[PDB]
Amino acid sequence: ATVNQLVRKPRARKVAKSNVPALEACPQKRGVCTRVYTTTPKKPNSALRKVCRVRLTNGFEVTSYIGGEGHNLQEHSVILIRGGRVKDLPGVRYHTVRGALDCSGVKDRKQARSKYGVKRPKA
Amino acid sequence: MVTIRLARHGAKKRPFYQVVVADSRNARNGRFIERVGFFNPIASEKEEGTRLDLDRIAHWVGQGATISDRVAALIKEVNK
Amino acid sequence: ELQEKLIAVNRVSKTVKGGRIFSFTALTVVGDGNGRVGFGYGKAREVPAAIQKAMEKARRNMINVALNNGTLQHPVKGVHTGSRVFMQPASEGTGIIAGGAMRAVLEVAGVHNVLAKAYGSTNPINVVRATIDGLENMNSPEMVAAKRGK
Amino acid sequence: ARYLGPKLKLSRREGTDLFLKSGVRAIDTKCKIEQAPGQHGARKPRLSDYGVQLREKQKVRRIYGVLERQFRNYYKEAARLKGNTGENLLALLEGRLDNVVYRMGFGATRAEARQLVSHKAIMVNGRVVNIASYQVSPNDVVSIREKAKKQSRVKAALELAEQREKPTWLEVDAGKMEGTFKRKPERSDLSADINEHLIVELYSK
Amino acid sequence: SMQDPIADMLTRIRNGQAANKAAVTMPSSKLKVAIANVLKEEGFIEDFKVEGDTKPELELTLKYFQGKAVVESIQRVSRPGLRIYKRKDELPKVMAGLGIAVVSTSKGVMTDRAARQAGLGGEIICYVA
Amino acid sequence: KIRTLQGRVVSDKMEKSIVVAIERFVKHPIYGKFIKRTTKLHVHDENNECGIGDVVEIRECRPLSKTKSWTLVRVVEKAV
RNA sequence: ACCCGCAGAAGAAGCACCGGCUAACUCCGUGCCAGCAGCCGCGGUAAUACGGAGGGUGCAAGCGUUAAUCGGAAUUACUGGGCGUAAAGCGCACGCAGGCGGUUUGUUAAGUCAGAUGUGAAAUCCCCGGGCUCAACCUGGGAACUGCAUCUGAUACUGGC
RNA sequence: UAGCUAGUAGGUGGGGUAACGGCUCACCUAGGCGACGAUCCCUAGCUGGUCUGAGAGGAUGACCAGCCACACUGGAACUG
């Protein structure tokens with residue numbers, strides 16, 4: 001490449017583009033929720049996984065994961081969505097938080113006090 | 001027209017009591033022409049806690065610069 | 001206080017015929033602790049034997065360095081099969097620092113005050129031979145000036 | 001990091017005397033002393049060629065009761081002072097205010113000698129002090145405020161100072177509660193169960 | 001032509017160390033015999049001479065000294081082409097000051113050491129280290 | 001002293017003016033561009049003796065219109 | 001502010017984690033079910049990876065978890081550029097605009113440079129002092145910024161002829 | 001996005017202005033811009049300074065100063 005081929009434009013830089021574009025750079029996004037479904041995970045492993053359908057307050061509608069066990073997740077309950085790639089589900093990149101809005105905490109919890117939507121009772 | 005003022009010249013409650021040559025148009029914490037010394041009564045327990053430049057002062061007092069009540073007792077002491 | 005140092009260990013597993021076999025390779029250094037460096041390759045069906053073969057070669061290998069006062073005077077490069085190890089004299093702090101396969105090599109040469117990176121292949125049996133090509137490449141000043149007549 | 005638990009349990013984990021929970025009733029008998037920690041463990045772990053120095057370094061750090069950034073401060077100070085870095089690192093920790101308050105006998109433990117500094121009970125050059133990061137000057141006086149002289153804390157610490165090996169580099173009195181840091185210890189003055197001169201090959205980074 | 005006689009000088013010596021040859025021959029020019037005296041002055045060559053008038057030819061006697069090789073890189077700076085000038089106070093240094101930059105100055109072709117000691121600036125043509 | 005510029009005539013189709021193409025160099029040492037450029041400038045001329053191809057020398061003078069302030073001093077080189 | 005008293009241990013400790021990388025792990029339940037992950041993969045009757053118990057590791061008024069931009073990546077290359085087949089050489093070519101060429105002298109002194117004179121204020125990096133406990137911050141004294149502009153010279157060289 | 005321009009280019013002389021100029025008028029001329037990116041769209045206040053790294057190189061113009069532009073949202077003026 002001659003100096004005559006490097007004229008009027010600096011060398012290009014690229015990629016690092018969102019794999020979670022429906023969040024529009026926000027770390028946690030608000031959405032209404034309409035239905036929950038059970039589906040087949042990756043690998044011959046006989047396990048099952050849960051997913052929900054969530055329209056966001058910016059007009060995108062995503063397929064989101066449900067972690068842990070048990071739910072109160074229903075039509076127009078309103079919940080918060082984040083990123084978080086799943087190795088056990090094809091195309092699943094969106095995840096639900098229990099620590100916000102109508103979403104329920106996990107029952108019988110003795111581990112990790114800040115996770116899965118739990119808060120220890122106080123006076 | 002030229003004048004001389006005393007300023008706190010420092011951070012929150014940590015003044016240095018600096019004296020500057022400036023113009024009558026300037027603001028309380030605004031512009032100034034020359035920094036000429038400091039007139040601090042505490043000076044963090046310093047023995048040379050007050051000072052004035054004896055060449056820069058003669059360029060403006062001798063010469064029409066007005067001096068505030070806040071530093072005149074020092075300019076009188078070096079007799080400039 | 002001569003010290004015999006290990007760089008890395010590798011395991012190579014091969015299907016035969018029916019079933020599998022596996023051997024281990026080690027890379028060690030001994031040198032002299034000042035102005036001389038030396039390294040050995042060793043391969044066996046067990047790690048302690050691969051290290052034992054490597055030490056038996058490392059004590060029978062030597063390279064002389066143009067070294068004075070335990071330190072470098074100029075930046076230097078050395079190359080081997082995609083490892084492009086570049087060395088700079090390091091001062092006013094910690095002496096090691098540098099790439100993980102270089103730290104014992106500099107110390108058995110007595111020059112463990114140097115910042116070095118691989119700038120290519122990170123494979124330790126290429127990296128050590130590119131670091132040693134740099135210790136072979138460096139010269140004294142003294143000799144880079146003494147090339148003048150008289 | 002805060003341990004939030006028994007001082008003897010911590011001292012057994014580190015396998016050595018830290019000058020913690022000290023008192024004239026002494027160590028030896030009914031206190032698990034010199035026993036290995038937990039259900040299984042060695043009285044000297046076998047360790048890597050860096051780990052053997054790193055484990056001695058964290059004993060030097062805890063036996064003088066300093067933070068990692070403060071241990072590194074004296075390492076960087078000794079790395080620009082004369083020969084062996086480790087003997088000079090120890091001569092900087094041994095000359096620090098909180099350990100001098102311990103060697104003078106005003107606290108029963110190094111942790112209590114340091115508590116007396118944070119609690120503003122100590123004086124140096126006749127002047128009140130609060131920061132444990134201070135290097136004591138040769139032939140200067142260390143004392144305590146008269147408002148603190150009737151604490152059993154100091155009576156029982158000076159009672160213990162009468163029941164240990166005499167520090168050969170200073171002088172102090174329990175009726176005045178006042179002592180002079182004449183010099184640092186030199187060569188045959190000082191020893192410990194842990195090593196200093198071999199850990200001169202650390203950091204990383 | 002031969003549209004750059006300086007690349008004819010530079011390659012013929014760089015390729016000569018790569019063949020471990022005792023001397024090399026090239027067509028002569030006034031820059032080639034100036035650069036040859038700087039290379040003889042810093043000890044990168046042993047001697048140089050010219051022979052003939054109809055086709056004057058330059059013979060360079062090579063020097064390799066103790067150990068292996070006498071130079072790592074011999075690099076172009078000014079070109080026939082884009083020419084790079086510096087003042088006496090703006091002269092670069094090569095290889096922690098153990099390498100040379102070649103400068104044509106106002107006086108003649110010399111080292112950056114000789115130039116900053118003579119208080120001169122000019123066109124920088126080569127780096128040798 | 002005055003700044004002087006030189007360039008070639010590219011139009012003469014004005015009652016008291018000419019249009020000149022002037023040559024300059026650019027280093028731009030924050031990108032390293034190292035190029036020649038040609039600027040088209042409008043120039044005042046009440047002698048009207050320049051042909052389209054002649055080379056002219058110009059000076060800073062007086063504003064007349066957009067990009068026109070410079071005036072003709074002399075013809076340097078006549079075409080051909 | 002700063003100093004001296006008075007109550008009474010009183011008013012004051014969490015969060016992530018324990019196969020291996022990378023520091024801590026044993027026994028028991030579940031028995032491919034159900035969960036767990038940064039990547040390996042774990043899980044069918046001794047599960048170092050799930051759940052629980054008893055202990056243990058890292059950090060601490062915090063501890064985990066995330067977002068955007070730049071690094072590690074020479075992986076947009078000046079320093080580190082590349083192009084048979086991996087990846088990048090126009091089907092075979094002509095040629096206008098752009099880029100661009102040996103050697104010598106005379107001439108000009110634009111650029112080039114040596115001496116001379118300006119600028120790039122204050123703060124501050126860095127360097128020699130002072131103040132607070134470090135990191136901050138404040139304060140006394142410094143240093144430099146290829147150039148651009150002007151002037152006295154030289155024309156080795158580049159441009160011009 | 002490769003074409004775009006009648007107040008668009010040039011002459012002469014008033015009227016207004018500190019003052020230049022289709023600012024605006026009278027009577028003429030037929031020119032101008034274009035791959036060194038014209039025409040058009042999107043982003044953005046500028047500088048001292050600030051940020052990042054092996055530097056090189058990019059990025060940045062919250063902070064404290066020196067300027068600009070602007071003040072319901074648009075268009076004009078006076079007074080000093």
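With the simple spin-label model, which puts each label point 7 Å out from Cα in the Cβ direction, the E:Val33 to D:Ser137 separation comes to 7.6 nm. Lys/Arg Cβ at +1, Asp/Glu Cβ at -1, dipole of the stretch E:5-69 taken about the Cα centre: which of E:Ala34, E:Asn15, E:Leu60 is farthest positive-ward? The listed residue farthest towards the positive side: E:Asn15.
Counting Cβ atoms of other protein chains within 10 Å of each residue's Cβ and taking the mean over peptide D:194-202 gives 1. Relative contact order, whole percent, for the stretch E:74-128 stands at 48, derived from Cα pairs under 8 Å and 6 or more residues apart.
The Rg/Rh ratio of the protein assembly as shown, with Rg taken over Cα atoms and Rh as the Kirkwood radius over Cα pairs, comes to 1.07. Highest mean packing comes first when the peptides F:61-67, A:99-105 are listed by Cβ atoms within 10 Å, giving A:99-105, F:61-67. In a reduced charge model with +1 at each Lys and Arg Cβ and -1 at each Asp and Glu Cβ, the stretch E:74-128 shows a dipole moment near 40 debye about its Cα centre.
Note on chain A: antiparallel DSSP beta bridges, both residues inside, total approximately 90 percent of the bridges counted. If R0 is 51 Å, the Cβ-Cβ spacing of D:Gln58 and F:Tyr31 corresponds to a FRET efficiency of close to 0.45. Using the charge dipole of the protein assembly as shown (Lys, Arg: +1 at Cβ; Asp, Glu: -1 at Cβ; taken about the Cα centre), state which of A:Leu80, C:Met143, D:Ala161 has its Cα farthest towards the positive end. Going by the Cα projections, it comes out as A:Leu80. Computed from Cα positions, the angle between helix D:68-78 and the longest principal axis of chain D comes to roughly 80 degrees.
Computed on the stretch A:75-123, with alpha-carbon pairs under 8 angstrom and 6+ residues apart, the relative contact order is 29 percent.
In this label model, A:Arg8 and D:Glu165 are separated by 8.4 nm, measuring between points 7 Å along each Cα→Cβ vector.
Helix-only arithmetic for chain C: the sum of -39500 (n - 2.57) across DSSP H runs with n ≥ 4, divided by the residue total, places the mean residue ellipticity at 222 nm at -6500 deg cm²/dmol. Rounded to the nearest 0.05, the FRET efficiency derived from the C-beta distance between A:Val32 and D:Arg46 at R0 = 56 Å is 0.40. For chymotrypsin sites (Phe, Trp or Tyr not before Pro), the sites in chain B that DSSP calls loop and that have at most 16 other Cβ atoms within 10 Å are B:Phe16. Think of chain B as having a plus end and a minus end, set by charges on the Cβ of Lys, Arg, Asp and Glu; of B:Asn26, B:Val2, B:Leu74, B:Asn26 sits farthest toward the positive end of this dipole. Among the GluC sites (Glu not before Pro) in chain F, those located in a DSSP loop and surrounded by at most 12 other Cβ atoms within 10 Å of their own Cβ are F:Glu15, F:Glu46, F:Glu49, F:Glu60.
Evaluated with a Cβ-only charge set (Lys, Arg +1; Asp, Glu -1), the protein assembly as shown carries a dipole of roughly 3960 debye about its Cα centre, given to the nearest 20.
Spin-label model, D:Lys7/F:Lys78: points 7 Å from Cα along the beta carbon direction are separated by 11.0 nm. Structure remark: mean-square fluctuation, Gaussian network model of chain A, C-alpha springs under 10 Å; the largest value among A:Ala22, A:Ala112, A:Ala12 belongs to A:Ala12. The count of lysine pairs in the stretch E:14-91 that are at least 8 places apart or cross chains, and whose C-alpha atoms lie under 14 Å apart, stands at 8.
Placing +1 on each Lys and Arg Cβ and -1 on each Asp and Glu Cβ, with no other charges, gives chain A a dipole about its Cα centre of roughly 620 debye. The mean number of Cβ atoms from other chains found within 10 Å of a Cβ in peptide C:67-74 is 1, as a whole number. Net charge in the neighbourhood of C:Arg20 (other residues with Cβ under 13 Å of its Cβ; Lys, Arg +1, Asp, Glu -1) is +4.
Every number in this text was worked out from the coordinates using simple rules, so none of it is lab data. Quick reminder, even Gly has a Cβ in these numbers, built from the backbone with ideal geometry, and neighbours come from all protein chains shown.
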